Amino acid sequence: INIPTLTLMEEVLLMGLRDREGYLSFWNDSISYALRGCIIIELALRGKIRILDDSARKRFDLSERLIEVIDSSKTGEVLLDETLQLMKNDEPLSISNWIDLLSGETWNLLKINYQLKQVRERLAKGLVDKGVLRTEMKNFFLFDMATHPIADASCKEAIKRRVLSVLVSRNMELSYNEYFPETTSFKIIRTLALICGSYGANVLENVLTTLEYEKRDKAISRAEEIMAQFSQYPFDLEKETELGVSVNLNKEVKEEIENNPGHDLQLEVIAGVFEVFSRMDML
């Protein structure tokens, strides 16, 4: 009711999905990794984790700070739940340390089973069961493959429109649908999450390509600004943009945080993940 229908993991997949012949969409070591960022961002907004409140942490990069489990009760998201399981039964590890373990970018034989298998297909069963995707068989010469064509095109359309509202509107005014109601906690935070996630996942640009290039360039930049601003805690909400895009982002984000108080330890985790998204070139 305050948690929206789709997980950020799902939204990013959609940002990657083609309209026609979607199994032929581009899958790569980037999207895969960024979905793990997402898993942790998500768990943060859901109040399951927070950074460990040790003032020592302030001497270390945001992405290297340890986090702890506030709350280990099932979310109903299989992907989230399973990582929550791993987290419950272990010492506090750092954000990138978790993102790495869950992606198996890490190489200690000790924590082999920490890596999440079947993300794409479980993410797609989710998209199917939620009605965003259909399921139909295409018969190739030697086999049939299950195909998951878009069932509801209006779903991704709103995702896209939220991005556009933040990266091309001069004034961010966000549209709410059944999937993403006005009564959604941290709605802008979550939109900024989706953008940065998509950016790291290397699918942000997909959503802008029809625009004239000045507008596409500006958008990319805007995202990069947002990524700077929100990849440090407390968020700099004072650096007004020189770009003339979402000129109201600071006022609204401020208000959003104001109305949603005493959550900094969770908002910090997010700047952490946002930091990780910045350093994704290094894969």
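For every residue, the number given is its place in the sequence shown, counted from 1.
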Between the two ranges 71-79 and 201-209, the one averaging a larger CA B factor in the entry: 71-79
If you take the mean CA temperature factor per stretch, which one wins between 108-116 and 171-179? 108-116
Chain-relative C-alpha B factor for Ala219 (record values, thirds): the middle
Chain thirds of CA B-factor: placement of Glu42: lowest
For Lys251, does the deposited CA B-factor place it in the lowest, middle or highest third of the chain? middle
Grab the CA temperature factor for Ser63 from the record and place it in the lowest, middle or highest third of its chain. middle
Ranking the modelled residues of this chain by C-alpha B-factor as given in the entry, is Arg20 in the lowest, middle or highest third? middle
